[PDB]
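**Q** Chains as they are written, first to last, in the authors' numbering: chain A, 3 to 496; chain F, 5 to 496; chain B, 3 to 494. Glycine is no exception: its CB is placed at the ideal position from the N, C-alpha and C atoms.
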Amino acid sequence: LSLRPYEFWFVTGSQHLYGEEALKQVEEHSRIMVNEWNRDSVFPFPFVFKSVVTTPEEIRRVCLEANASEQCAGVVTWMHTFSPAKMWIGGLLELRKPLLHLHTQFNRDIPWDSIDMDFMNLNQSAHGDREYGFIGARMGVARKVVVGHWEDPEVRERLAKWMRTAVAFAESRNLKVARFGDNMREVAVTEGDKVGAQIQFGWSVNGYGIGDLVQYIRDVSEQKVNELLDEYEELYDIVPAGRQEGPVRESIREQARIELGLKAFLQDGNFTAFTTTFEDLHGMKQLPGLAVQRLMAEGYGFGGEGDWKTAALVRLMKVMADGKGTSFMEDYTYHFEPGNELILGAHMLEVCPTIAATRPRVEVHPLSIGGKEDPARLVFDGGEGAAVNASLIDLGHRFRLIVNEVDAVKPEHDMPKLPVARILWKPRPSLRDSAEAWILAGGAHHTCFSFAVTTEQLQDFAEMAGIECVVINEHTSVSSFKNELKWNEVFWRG
Amino acid sequence: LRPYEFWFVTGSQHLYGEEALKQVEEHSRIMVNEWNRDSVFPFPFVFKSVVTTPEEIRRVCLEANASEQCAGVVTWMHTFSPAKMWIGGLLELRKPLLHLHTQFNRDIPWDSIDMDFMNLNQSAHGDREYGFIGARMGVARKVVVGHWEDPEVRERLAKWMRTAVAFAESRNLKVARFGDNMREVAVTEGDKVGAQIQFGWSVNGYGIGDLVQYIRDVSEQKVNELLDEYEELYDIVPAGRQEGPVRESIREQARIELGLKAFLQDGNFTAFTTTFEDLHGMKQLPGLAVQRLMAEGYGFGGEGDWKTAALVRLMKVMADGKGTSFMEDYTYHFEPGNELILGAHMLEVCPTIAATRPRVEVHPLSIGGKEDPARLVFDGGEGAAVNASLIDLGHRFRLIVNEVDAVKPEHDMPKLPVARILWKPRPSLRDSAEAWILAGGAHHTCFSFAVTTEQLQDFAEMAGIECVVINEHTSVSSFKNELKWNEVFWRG
Amino acid sequence: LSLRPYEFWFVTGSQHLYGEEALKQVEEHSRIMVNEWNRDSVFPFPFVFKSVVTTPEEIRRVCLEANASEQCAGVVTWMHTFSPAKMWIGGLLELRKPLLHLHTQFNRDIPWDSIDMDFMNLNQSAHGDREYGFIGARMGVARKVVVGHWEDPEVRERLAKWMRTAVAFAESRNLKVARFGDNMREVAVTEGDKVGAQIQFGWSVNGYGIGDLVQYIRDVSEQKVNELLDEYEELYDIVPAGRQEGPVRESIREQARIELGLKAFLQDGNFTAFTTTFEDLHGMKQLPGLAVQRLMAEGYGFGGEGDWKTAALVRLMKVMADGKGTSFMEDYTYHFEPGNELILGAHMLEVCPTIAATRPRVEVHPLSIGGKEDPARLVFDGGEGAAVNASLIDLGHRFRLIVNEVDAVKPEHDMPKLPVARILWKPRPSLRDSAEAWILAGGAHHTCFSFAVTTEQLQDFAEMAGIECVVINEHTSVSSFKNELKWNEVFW
Ligand SMILES: [Mn+2]
Ligand SMILES: [Mn+2]
Ligand SMILES: [Mn+2]
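1) Rank A/280, A/376, A/221 by C-alpha distance to the C-alpha of residue 266 of chain A and give the top, closest one.
2) In chain A, which residues lie less than 8 Å from residue 493 of chain B when you measure between Cβ atoms?
3) Residues of the region 329-345 of chain B with a CB closer than 8 Å to any CB of chain F: list them in chain order, please.
4) Give a yes or no on whether the minimum CB-CB distance between residue 88 of chain F and chain B is below 9 Å.
5) Across which residues does DSSP place residue 346 of chain F in a beta bridge pair?
6) Check each candidate in B/23, B/52, B/313, B/26 and name the one with the smallest Cα separation from residue 36 of chain B.
7) At 7 Å on the CB atoms, spell out the chain B contacts of residue 197 of chain F, in chain order.
8) Excluding the 5 residues preceding and the 5 following residue 129 of chain B in the sequence, name in chain order all residues of the same chain whose CB lies nearer than 8 Å to its CB.
9) Which one of A/445, A/439, A/475 has the shortest CA to CA distance from residue 456 of chain A?
10) Quick one: using the 10 Å Cβ neighbour count with 16 as the cut-off for buried, is residue 246 of chain A buried or exposed?
11) Taking only heavy atoms of ligand 3 into account, decide whether any of them is closer than 8 Å to the Cβ of residue 307 of chain B.
12) For residue 402 of chain A, I'd like the list of residues in its chain whose CB is within less than 6 Å of its CB, leaving aside the five on either flank, ordered along the chain.
13) Since residue 24 of chain A and residue 123 of chain A should fall inside the 8 Å C-beta cutoff, what is the C-beta to C-beta distance between them, to a whole number of angstroms?
14) When we look at the beta-carbon of residue 344 of chain B and count the other beta-carbons within 10 Å, is it buried (16 or more) or exposed?
15) I want to check one thing, is the minimum distance from the CB of residue 298 of chain A to the heavy atoms of ligand 2 below 8 Å?
16) Does any CB atom of chain A fall closer than 9 Å to the CB of residue 263 of chain B?
17) Considering residue 203 of chain A, what are the terminal residues of the beta strand (DSSP E) in which it resides?
18) Applying a beta-carbon distance threshold of less than 8 Å, which residues of chain B neighbour residue 445 of chain A?
19) Under DSSP, the beta strand (DSSP E) around residue 457 of chain A begins and ends at which residues?
20) Could you check if residue 350 of chain F belongs to the surroundings of ligand 2, using beta carbon to heavy atom distance under 8 Å?
21) Give the interface partners of residue 116 of chain B over in chain A, defined as CB-CB distance under 7 Å, in chain order.
22) Please classify residue 338 of chain B: is it buried, with 16 or more other beta-carbons within 10 angstroms of its beta-carbon, or exposed?
23) For residue 204 of chain A, which of A/432, A/466, A/11, A/425 has the nearest alpha-carbon?
24) Closer than 8 Å to a non-hydrogen atom of ligand 2 - does that hold for the CB of residue 193 of chain F?
25) If you scan the region 77-116 of chain A from start to end, which runs of the beta strand (DSSP E) of 3 or more residues do you find wholly inside it?
26) So with Cβ pairs under 9 Å, would you call residue 206 of chain F a contact of chain B?
27) Mind pulling the alpha helix (DSSP H) runs of 4 or more residues that sit fully within the region 208-239 of chain A?
28) Check the Cβ of residue 66 of chain B against every Cβ in chain F and list those closer than 8 Å, keeping chain order.
29) Taking the alpha carbon of residue 156 of chain A as the point to measure from, which residue in A/104, A/423, A/489 has its own alpha carbon closest?
30) Exposed or buried, what is residue 335 of chain B when buried is set at 16 or more other beta-carbons lying within 10 Å of its beta-carbon?
31) Check each residue of the region 174-191 of chain A: if its Cβ is closer than 9 Å to any Cβ of chain B, include it; give the result in chain order.
32) Between residue 436 of chain B and residue 406 of chain B, which are expected to be in contact by the criterion C-beta below 8 Å, what is the C-beta distance as a whole number of angstroms?
33) On the three-state DSSP scale, how would you describe residue 358 of chain F?
34) Return no unless some Cβ of chain A is closer than 9 Å to the Cβ of residue 302 of chain F.
35) So which residues of chain F does residue 212 of chain A contact, with C-beta pairs closer than 7 Å?
36) In the DSSP assignment, find the beta strand (DSSP E) that holds residue 380 of chain B and state where it starts and stops.
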């Protein structure tokens with residue numbers, strides 16, 4: 003599931019004060035930087051040099067162009083020289099693409115023996131970016147600020163990380179979610195204001211009768227079903243029962259039909275995320291399981307029980323990710339053994355095989371929930387490593403993003419009676435403290451779980467989107483966490 | 005409705021002795037007794053004790069909370085009744101509250117008035133000290149001033165009773181949604197959790213398939229009996245009186261009506277929604293069936309509009325008479341000196357607002373892509389009415405109320421396959437619509453002949469939401485200003 | 003003076019989804035936990051199991067009951083399984099009792115060999131308590147949250163401490179203060195809004211003429227006075243000139259009349275706290291001293307100079323306390339010796355003997371303040387140990403609770419000329435910084451000192467009462483403290 007070709011516009015500020023020659027040197031420096039950056043594979047998207055801007059008219063034009071350009075995912079601005087910031091007001095009011103203020107300098111060191119006035123006029127970001135910094139603060143603009151020399155690998159990795167965050171925000175603005183059925187009845191945290199969500203994030207979330215999907219599923223050709231089954235056998239272990247014709251294999255074959263129906267429905271409307279609900283399965287033989295797991299492994303957002311917020315978050319995080327292993331997740335049960343406290347996460351069927359440590363196995367087991375036939379699903383253990391667990395909730399008058407940093411651990415023991423894929427992890431700073439913090443922030447039971455998204459990225463996304471982001475990690479103290487929630491509350495209100 | 009009652013609670017104090025307190029109790033008992041003899045009141049009064057200590061006050065407020073029949077509490081300070089004693093109970097009370105500022109005797113007995121009289125009949129100041137604690141605490145309260153035998157006073161009280169019972173119904177209201185919101189529509193979206201917190205409404209989704217199963221279980225005998233009732237209540241189109249396709253269309257609505265009814269009763273719902281975008285397993289869009297359930301007093305909202313469905317149900321309860329419908333502004337008549345709005349829906353207008361006698365008709369309806377639906381066709385009556393919409397502003401709800409005058413049509417509308425009503429909105433079409441749009445009023449409404457503006461304002465007061473009114477006194481420039489000033493008030 | 007018994011209601015959330023058999027195991031688990039907890043002596047009050055709730059009605063009913071039961075001091079809720087949180091909205095709107103969310107699990111470990119879908123459906127507090135956590139945050143409920151296994155001793159400690167806090171809050175809601183005389187003239191910090199405090203905390207604070215107390219004292223029988231004197235002799239060292247007959251025994255006898263008169267007045271009115279004032283003592287032979295010190299030893303709240311806020315606070319902390327040693331207190335003078343900085347605390351007369359480390363002696367000395375005769379009082383040195391010093395002030399629009407953690411120390415020198423009881427402490431993080439933070443927070447000069455109340459309890463109480471609680475302890479830096487005062491202020 004691939005992306006339009008995003009790029010990043012590099013805009014360099016200056017002024018006419020010092021003459022035309024100085025301006026040429028500024029332009030030369032900026033082209034060199036863009037050229038050099040583009041050759042570094044740390045960056046996942048190209049930079050494009052978008053000129054030296056020196057007048058209010060220039061600045062506004064490039065902001066206007068950035069807004070209208072679908073491939074422009076973000077703008078990086080750097081004042082090479084002093085660039086009077088009243089000139090930037092028109093542009094900053096216009097721009098609605100994510101903005102990064104790069105505070106840098108072409109040369110690394112001061113050339114002591116030769117530094118003179120011309121040099122001082124030329125290499126003066128030291129004050130040019132401060133004046134630009136002021137107008138940003140003054141206008142209350144959302145901005146990433148990065149400080150450092152432009153060949154410093156730390157600086158580059160921060161830009162590169164930000165690029166993925168900025169791209170996910172472009173995807174967010176155009177995200178379409180399809181709901182097959184409504185929220186699980188009586189459930190609170192999965193409910194919310196869709197209109198409010200479309201305003202804050204750009205998400206278009208709309209409902210379809212399950213019958214609309216049943217229709218697509220009934221148009222699936224058996225030939226394609228057969229091919230898909232072959233692929234299943236190449237990629238996964240199959241339970242012995244399903245190896246030859248008979249009822250177990252027919253159940254697997256049914257999920258194959260569901261997978262193809264979904265893929266078709268979702269592609270036809272250009273949806274990149276979807277929800278189902280076990281409370282509305284009219285005309286289906288099974289709750290989608292294997293089928294949803296496969297679609298998640300291709301990067302679709304998914305949320306159980308009509309949970310569109312998590313479905314959206316899962317898709318965003320898939321785009322943010324610089325690597326494998328992102329999934330819809332739900333905390334299921336705890337292990338409270340002193341000195342070895344952990345959480346077992348899973349869902350009744352739907353966990354993404356990208357987080358798997360072991361070769362996934364196709365199994366068929368009864369599932370009374372939903373009152374349908376025994377669904378086929380992938381069963382596997384999650385891998386180990388540092389990860390984030392994130393939930394996005396609706397507080398009524400605004401949204402809150404909650405992120406827990408965790409460490410997934412390998413299971414030491416088999417769970418042979420457990421028919422679902424699952425993962426274990428120890429939340430930071432402890433089970434007790436993170437759970438308490440989580441509950442105090444009202445974090446959901448559904449999350450996006452990812453080995454490949456960082457806390458900084460989620461916080462950057464929240465800035466772009468104009469919402470609160472709270473983090474629970476190794477440094478968290480519950481008492482300070484509570485105060486922060488109160489103080490953040492007054493700030494984000496209204 | 006369930007049985008409802010209203011608690012009269014009289015305040016006093018121990019200062020003037022035990023005999024004084026017996027006299028205030030006699031007065032309070034007599035008032036309740038006389039009130040109960042008057043037909044103006046839709047529910048009975050219950051005399052609760054005279055309360056004179058914080059414990060008694062708190063105890064009666066707790067009981068009112070626990071009592072499902074108690075729809076509201078009417079409080080009156082017969083004598084001075086030190087208001088700190090009232091803090092505890094007011095902190096606890098979750099039933100609507102009316103402060104009746106009244107007096108047993110109407111006139112000052114000039115020739116005999118003495119200090120005993122002055123100690124006993126001093127609501128003039130007792131109710132003011134109580135009024136302070138109400139304001140000081142920010143209690144939502146209705147305040148009525150006048151003598152307890154004044155017909156205006158009783159009439160005000162009786163109307164508030166209806167509002168308070170609507171509120172009690174609101175707090176237990178269950179809506180069933182068959183299918184989701186019409187796709188891409190904004191005004192009918194909103195936060196169900198927020199709504200359950202604010203009004204008590206329970207809004208939950210079911211597959212259209214859940215309803216189909218019910219419709220399929222309908223007794224064919226029951227259908228035939230219902231089909232006959234139709235023949236008796238309505239003018240059926242000629243083609244429909246004989247066996248044939250048309251009569252079969254009418255028969256389908258009968259099955260739909262019976263299946264809906266059964267579903268609703270099973271889950272004790274009093275409002276429901278449908279959407280034409282999700283009718284898998286259905287032969288037609290519910291039409292005639294919805295119109296009848298609306299006549300029985302069910303709330304309904306088209307296109308998954310749960311806010312409107314609940315509003316419709318609420319107003320059906322507030323109403324002291326006939327004629328309450330889900331409604332949508334469909335088209336304008338901009339003829340100078342005769343501007344009006346024609347309201348209707350695809351099918352679903354309530355026959356309780358009919359002037360004429362409803363005709364059962366069958367016409368093609370391309371919306372939803374199902375078979376020709378049977379429905380009741382009629383003209384709406386004439387009269388003063390209200391048209392109300394309840395919207396979600398993101399952080400809070402806003403109730404919007406336009407006062408209007410319904411008018412009988414002067415020209416026939418022979419090609420128009422749906423029931424309709426015509427109204428002239430106060431103060432004019434141009435200003436009413438401008439105000440409605442600035443307030444973000446919805447296209448879906450509840451239209452009623454039998455609900456007053458006062459009632460809707462009292463309900464909004466009970467629920468803790470803004471109520472914006474558009475009437476003959478409305479000026480748009482002023483109106484715009486008040487939205488701003490209200491905004492800063494109701495903003496959390 | 004003795005504390006009413008209370009209980010704690012344990013309610014467990016579940017749902018119908020998994021069938022009746024799973025609901026039976028939920029109930030079995032919950033019964034087992036309540037039974038096992040009630041065997042554990044760490045809990046000062048019992049749990050009562052109050053059903054597994056699975057519908058909006060059940061949830062609503064049990065919160066309504068919880069509200070109306072005077073024996074119920076708190077509710078402890080645990081979602082054993084997923085328990086959809088819109089069902090909880092109605093009950094949460096109803097509950098005014100303190101609420102603790104216990105995030106626990108019946109089994110401590112995952113049974114790796116056995117775990118299957120049944121187990122996953124049953125023991126899913128991991129997500130059920132999160133959905134529940136959301137609705138509490140979404141609705142802005144004041145809640146204590148405790149996480150860990152139900153057999154973890156630390157978990158049980160936390161629940162236990164909170165039980166005492168919750169019981170102090172119940173007492174708070176019914177607390178009645180008697181004031182004998184007004185505030186000391188021109189004093190600011192002891193003044194406040196009594197109405198606002200009754201709304202916020204529940205306290206009833208009312209004034210009586212000193213003459214009222216005087217009538218009670220005059221009614222005391224001399225026989226009782228004689229018996230009280232014998233108890234003085236048995237509990238305390240009496241100054242030798244006081245054991246004989248004469249003026250100073252007569253002075254001790256006069257304090258015993260006051261004690262008995264006071265005790266009788268307070269009991270007749272159900273008061274559990276009181277204030278006196280040296281400026282209004284008409285009819286009294288002495289400023290109450292020994293008398294007050296004895297009432298405080300019984301657990302009565304006291305505040306000097308008409309200070310009702312501290313009197314109330316002292317009483318609440320007496321209830322909160324899980325051990326001996328709680329007193330009204332005033333910083334009187336400093337010791338600025340380098341490396342040995344400390345505060346000497348005392349009052350005119352009134353320091354509770356429960357903080358004493360020496361056996362109190364009954365002594366008689368002149369007191370010019372008040373213009374009355376030489377009062378008898380108890381004299382002693384307070385003991386060493388970690389404690390808190392707390393003040394509650396009125397900022398005009400809201401209350402602020404201020405708590406300083408301190409370390410009481412043994413005096414190295416006798417104070418032979420000092421006629422009052424006293425205690426020395428070293429405030430955290432240092433005298434200089436502590437005092438600066440205290441003054442910035444505007445903390446009173448009158449406090450409640452206690453060896454037996456934790457900061458966590460006072461913080462939990464403030465949360466129950468909906469007020470700011472500022473803590474000054476070893477970690478305080480003044481600059482950071484200033485910031486938080488500003489940020490808290492915008493929130494509150
Ligand atoms: Mn789930
Ligand atoms: Mn419509
Ligand atoms: Mn003092």
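**A** Looking at the coordinates:
1) A/221
2) 488, 489, 491, 492
3) none
4) yes
5) F/335, F/426
6) B/52
7) 88, 140
8) 84
9) A/475
10) exposed
11) yes
12) 395, 470
13) 7 Å
14) buried
15) no
16) no
17) Residue 203 of chain A -> not in any beta strand (DSSP E); alpha helix (DSSP H) instead, spanning 196-203.
18) 132, 135, 136
19) Residue 457 of chain A -> not in any beta strand (DSSP E); alpha helix (DSSP H) instead, spanning 457-467.
20) yes
21) 419
22) exposed
23) A/466
24) no
25) 101-105
26) yes
27) 212-220, 224-237
28) 69, 70
29) A/104
30) exposed
31) 186, 187, 188, 189, 190, 191
32) 6 Å
33) strand
34) no
35) 211
36) 378-381
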